[PDB]
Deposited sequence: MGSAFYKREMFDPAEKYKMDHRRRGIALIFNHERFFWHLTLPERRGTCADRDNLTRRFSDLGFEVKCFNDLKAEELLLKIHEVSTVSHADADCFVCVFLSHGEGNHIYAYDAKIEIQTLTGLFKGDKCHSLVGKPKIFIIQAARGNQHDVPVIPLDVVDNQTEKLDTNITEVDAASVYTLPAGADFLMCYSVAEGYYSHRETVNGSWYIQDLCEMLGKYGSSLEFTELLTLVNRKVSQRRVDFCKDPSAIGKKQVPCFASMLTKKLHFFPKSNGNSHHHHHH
């Protein structure tokens, strides 16, 4: 019968793959600013997700063709023995696009690779995309306007965004992005016990509570950050120790 507290089965041999695409610099013709602090984000995420049992694979500054080949390769291997799939993008973005080193990629192209008809072995399993991407312009805080649409996807996808329309994303050149810092803090403390959307709700609270009334750079005053997640999940999701 119907179970109001049903959970995703997370008892497979493996947790699954976590991909991280990390973009620090861009081809000069794109005239996009460097993203100092993103290496801190990459390291932070790698630790958190590997502590949760993921096989973490990171890729720095791939060209779009390279990035598409890689994510296509991952979407076509068997995930039969895995609980779930995680994909993280650390870059700049605009509308439904994220930047690779040399060109834009559509987010729907990336998520479409893992829909049921294209990736049988992930059907009914969580497919989690985490996007730190906004508009490209000693610990300095850089502030970027929200630009990437908070796009949905298929059943059992969870799309997690650093910032909503009308707000601003922040990145510290030494400590990393506000959103990734808070996400990783919460993963470290609560990742292995809390329901994951409950955890993302804590991240919403942490990030939106960061004060912007007295920034070192007076131009940044008032530029609040509010993250958000778009859930198409159909069950409760936990990452209990395997």
- Query: Do you know which deposited regions have no coordinates at all?
  - Reply: 1-9, 147-166, 272-282
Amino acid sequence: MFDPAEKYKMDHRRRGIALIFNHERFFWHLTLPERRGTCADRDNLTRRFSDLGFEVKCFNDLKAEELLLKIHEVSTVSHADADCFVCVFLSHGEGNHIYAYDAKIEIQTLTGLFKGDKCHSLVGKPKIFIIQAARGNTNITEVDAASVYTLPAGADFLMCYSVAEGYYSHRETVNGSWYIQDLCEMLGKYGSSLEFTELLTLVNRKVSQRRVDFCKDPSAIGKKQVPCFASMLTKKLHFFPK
From here on, numbers count along this sequence of modelled residues.
- Task: Going by the average Cα B-factor in the PDB entry, point out whether 86-94 or 114-122 comes out higher.
- Result: 114-122
- Name the higher of the two by mean Cα B-factor in the PDB entry, 165-173 versus 67-75. 67-75
- Query: Looking at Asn137, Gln132, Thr150, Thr109, which has the biggest Cα B factor in the entry?
  - Reply: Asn137
- Task: Would you mind ranking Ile221 by its C-alpha B-factor against the rest of the chain and naming the third, lowest, middle or highest?
- Result: highest
- According to the PDB entry, is the CA B factor of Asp156 in the bottom, middle or top third of its chain, that is, lowest, middle or highest? lowest
- Message: Looking at the temperature factor on the CA atom of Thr197, which third of the chain's modelled residues does it land in?
- Response: lowest
- Modelled-residue ranking by C-alpha temperature factor, third containing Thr38: lowest
- Would you please rank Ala100 by its C-alpha temperature factor against the other modelled residues of its chain and give the third it falls in: lowest, middle or highest? middle
